[PDB]
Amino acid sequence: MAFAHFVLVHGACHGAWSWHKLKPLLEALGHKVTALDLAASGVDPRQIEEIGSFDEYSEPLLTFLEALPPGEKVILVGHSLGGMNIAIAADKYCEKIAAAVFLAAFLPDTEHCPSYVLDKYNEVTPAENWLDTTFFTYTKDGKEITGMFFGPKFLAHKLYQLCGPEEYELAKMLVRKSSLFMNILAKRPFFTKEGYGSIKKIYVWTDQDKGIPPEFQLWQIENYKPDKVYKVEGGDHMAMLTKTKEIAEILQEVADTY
């Protein structure tokens, strides 16, 4: 077995706490694991209204990677919206990335604008699917930004539907306001082929994700073919909680390969 340094990156409205089952298992196998709160997430002291762009939302990840000592590489693991953050990170620090794992995540490309897969996602996602999610607007650095805050039924039905009530309760207690920064992402420079396009990419898709359905995950793969693909059967959106052991086995193979 090869020793790797995994950096686990949560998705919208969530935090490092999402990784609380997987991180100890990876460490027991002997790896180094970092689980970050993105800006205004988890117990990060900022609120979403102070965040003016996806790059600021990603600041803890970029800051962590800037402090990596020379020669150290990491394996990024991003879940859901976290796939966007690891694109931003790879484009500034690709020399520090052994590989990027996309766990039922958004997988942007270099050909179209960074918000491309988020645009496609919204065109194929019925608006009814958001249930009691609350949407809101704020202004930052002169820009109007639309945020969202997952509600209890959305969480129950779309993200946690295969989780026990003890994990679901943690979500009701801990989810915070977030944003996709979609109009900010529309005016952003594309992801570069030299940076983000260079790093090796693994996609792990889930067969019961009712937040990002498998057909959309598969479309993303077709749109931007990654170096390796894995399938986790029986994983809901929160597959690091319902299929923890499966994912750890996959990440061991990745670390053994890259």
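Start at 1 with the first residue shown and count on from there.
Enquirer: Given the B-factors recorded for C-alpha atoms, which segment has the greater mean, 81-89 or 182-190?
Expert: For C-alpha atoms only, the mean B-factor is higher in 182-190.
Enquirer: As stated in the PDB record, which stretch has the larger average Cα B-factor, 32-40 or 194-202?
Expert: Here the higher of the two C-alpha B-factor means belongs to 194-202.
Enquirer: From 176, 172, 143, 153, can you pick the one with the highest C-alpha B factor in the entry?
Expert: The listed residue with the largest C-alpha B-factor is 143.
Enquirer: Which third of the chain holds residue 224 when residues are ordered by C-alpha B factor: lowest, middle or highest?
Expert: According to the entry, residue 224 has a C-alpha B-factor in the chain's highest third.
Enquirer: For the chain shown, is the CA B-factor of residue 66 in the lowest, middle or highest third of its modelled residues?
Expert: Top third by C-alpha B-factor.
Enquirer: Determine, from the deposited record, the chain-internal third of the Cα B-factor for residue 50: lowest, middle or highest.
Expert: Its C-alpha B-factor belongs to the middle third of this chain's values.
Enquirer: Place residue 217 in the lowest, middle or highest third of its chain's C-alpha B-factors, as listed in the PDB entry.
Expert: Its C-alpha B-factor belongs to the middle third of this chain's values.
Enquirer: If you rank the chain by CA B-factor, which third does residue 7 end up in: lowest, middle or highest?
Expert: Within its chain, residue 7 is a lowest-third residue by C-alpha B-factor, going by the deposited values.
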